[PDB]
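A short worksheet on the structure shown next.
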Amino acid sequence: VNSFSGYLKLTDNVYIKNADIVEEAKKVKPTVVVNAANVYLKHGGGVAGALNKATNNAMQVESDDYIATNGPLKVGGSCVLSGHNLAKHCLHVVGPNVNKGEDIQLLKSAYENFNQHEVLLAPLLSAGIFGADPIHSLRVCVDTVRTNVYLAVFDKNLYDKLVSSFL
Ligand SMILES: O=C(O)[C@@]1(F)CN(c2cc(Nc3ccccc3)ncn2)CC12CCC2
Numbered sequence: 001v002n003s004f005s006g007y008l009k010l011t012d013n014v015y016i017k018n019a020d021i022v023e024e025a026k027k028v029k030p031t032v033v034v035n036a037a038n039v040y041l042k043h044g045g046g047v048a049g050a051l052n053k054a055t056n057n058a059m060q061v062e063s064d065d066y067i068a069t070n071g072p073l074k075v076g077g078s079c080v081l082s083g084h085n086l087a088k089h090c091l092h093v094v095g096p097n098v099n100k101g102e103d104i105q106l107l108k109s110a111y112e113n114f115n116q117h118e119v120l121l122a123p124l125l126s127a128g129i130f131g132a133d134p135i136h137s138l139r140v141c142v143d144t145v146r147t148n149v150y151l152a153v154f155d156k157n158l159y160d161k162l163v164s165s166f167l
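Residue 131 in my numbering is what sits at position 131 of the sequence shown, and the numbering runs on without skipping anything.
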């Protein structure tokens, strides 16, 4: 038993809710919140900009030190950093950004990072400003992640569509 509430169960291990991931994180305080990161951990907009804003820019300060030490992430890769006031940990995962021409097949590699964590609160990778089809992203999530994932979808219209088209 865990503290996630109002989710619709899609599969054995994948759940989905129309929710603002920032507000869901602040309420649940999950062990892991997933950020929709880029390779530079520049949290300017989308989910990343919202998560970082909610930490009063502490996420960005920590991220800049991480990059100065380690260099950029790989597309499809991840790193674990602090969850600040939102979660114990933040798993920064880089989905391919279609608006940069990145290979969509890397979306499966991105979701594989979730399997290193027993339970996660996450957005749909490569959705939103990353330019992928959220329905494809949901399919890859379901077919790749084996651990327990609670998907927060900000847009109510999109949430309903994703549900109504789910196979
Ligand atoms: O749809 C997009 O463009 C996105 F940038 C934003 N989406 C969100 C967004 C969210 N809260 C939120 C984020 C920013 C402002 C207000 C609320 N909570 C969950 N998902 C997923 C996405 C990141 C990858 C695709």
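The C-beta atom is built at its ideal place from N, Cα and C for all residues, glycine as well.
query: beta-carbon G76 near ligand 1 non-hydrogen atom, thresh 7 Å; result: no
query: Contacting residues, own chain, Cβ-Cβ under 7 Å from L158 (five flanking each side not counted); result: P134
query: Own chain partners of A110 with C-beta closer than 6 Å, once the 5 adjacent residues on each side are dropped; result: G76, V93, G95 and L125
query: Beta-carbon spacing of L138, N113 below 8 Å; result: no
query: Buried versus exposed call for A58 [16 or more other C-beta atoms within 10 Å across all chains shown]; result: exposed
query: Contact test: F130 Cβ vs ligand 1 heavy atom, cutoff 7 Å; result: yes
query: Bridge partner(s) assigned by DSSP for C79; result: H92
query: Residue range of the alpha helix (DSSP H) that includes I21; result: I21 to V28
query: Uninterrupted alpha helix (DSSP H) stretches inside the segment 32-60 (no shorter than 4 residues); result: 46-54
query: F166 Cβ short of 7 Å to ligand 1 heavy atom set; result: no
query: Sheet register partners of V140 (DSSP bridge); result: Its beta-bridge partners do not exist; DSSP assigns none.
query: Spatially closest choice to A122 from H136, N2, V47 and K161, by CA coordinates; result: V47
query: Exposure of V1, with buried meaning 16 or more beta-carbon neighbours within 10 Å; result: exposed
query: Buried or exposed (CB count within 10 angstroms, at least 16 for buried), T55; result: buried
query: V28 beta carbon near ligand 1 (any heavy atom closer than 7 Å); result: no
query: Any non-hydrogen atom of ligand 1 within 7 Å of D20 CB; result: yes
query: CB-CB length for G131 against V153, believed under 8 Å; result: Not quite, the Cβ-Cβ distance comes to about 16 Å (not below 8 Å), so this is no contact.
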